[PDB]
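A single chain comes next, written as structure tokens; it is the form deposited in one PDB entry.
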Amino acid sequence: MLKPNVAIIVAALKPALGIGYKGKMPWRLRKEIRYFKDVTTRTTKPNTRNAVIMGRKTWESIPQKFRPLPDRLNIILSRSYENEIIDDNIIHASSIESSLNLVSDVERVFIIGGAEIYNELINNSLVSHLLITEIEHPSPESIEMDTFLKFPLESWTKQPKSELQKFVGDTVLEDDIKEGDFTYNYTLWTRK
């Protein structure tokens, strides 16, 4: 695949954009996990699938029985990896671009974490869209977090809900979803 558009998908707590604590997500939002699954799996074209890219630490954090993530081509980056196809669902690479040279029949590509991957790849011009779930809490300071997005958002534009809707196709997008004390909304951002 040559120079595909790539999207980042992440869930973050406003206003600091925290995304983790001691190697895990600081919340369990059930409807948000379901959204992540639908957006990253669904395709429109026939014989295609989407690819998900993750850092080695994220891959190793999935219980072995639950990997690879089903119904998507899994790409794992490590600076120590050779560019290799493991099987039809797993690719190892040391760079995003190298990895995409190994794929065919992919419709969309999503970066799914973690923090080091996000913070480095935001500055790669292949990244064209950010799917950020903006999480809000009455007392964000009470939530322990050690990992944060370092995104240059002054260079990106938040689009209207209509644009997100068109991006995700059929997926149901509810507004101000509440689970416990958290309220969240799905957003789409593109480069200015």
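Residues that one form lacks are left out of the comparison. For clarity, a rigid core is taken as the largest C-alpha set superposing within 1.5 Å between two forms. Start at 1 and count along the sequence shown; that's the residue number.
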For this session: Pick between 8-16 and 171-179: the one whose mean CA B-factor in the entry is higher.
Result: 171-179
Problem set entry | 106-114 set against 80-88, stretch whose average Cα temperature factor tops the other in the entry | 80-88
Seminar exercise, completed: Scanning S128, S162, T40, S139 for peak Cα temperature factor in the entry gives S139
For this session: Report the third (lowest, middle or highest) to which the CA temperature factor of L149 belongs, ranking only the modelled residues of the same chain.
Result: middle
Exercise. Lowest, middle or highest third: where is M1 by Cα B-factor in its chain?
Worked result: highest
Exercise. What third of its chain's C-alpha B-factors does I62 belong to: lowest, middle or highest?
Worked result: middle
Problem set entry | B-factor third for the C-alpha atom of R56 within its chain | lowest
Problem set entry | Third of the chain's Cα B-factor distribution that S94 belongs to, per the entry | middle
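Missing here is the form deposited in another entry; even so, the following discussion is about that form.
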For this session: Select from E116, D71, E107, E97 the only position whose Cα moves 2 Å or more between the shown form and the other one when the core is aligned.
Result: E97
Exercise. Okay, core lined up, where does the chain shift between the shown form and the other one, counting runs of 3 or more residues with each Cα at least 2 Å away?
Worked result: 45-47, 95-97, 99-105
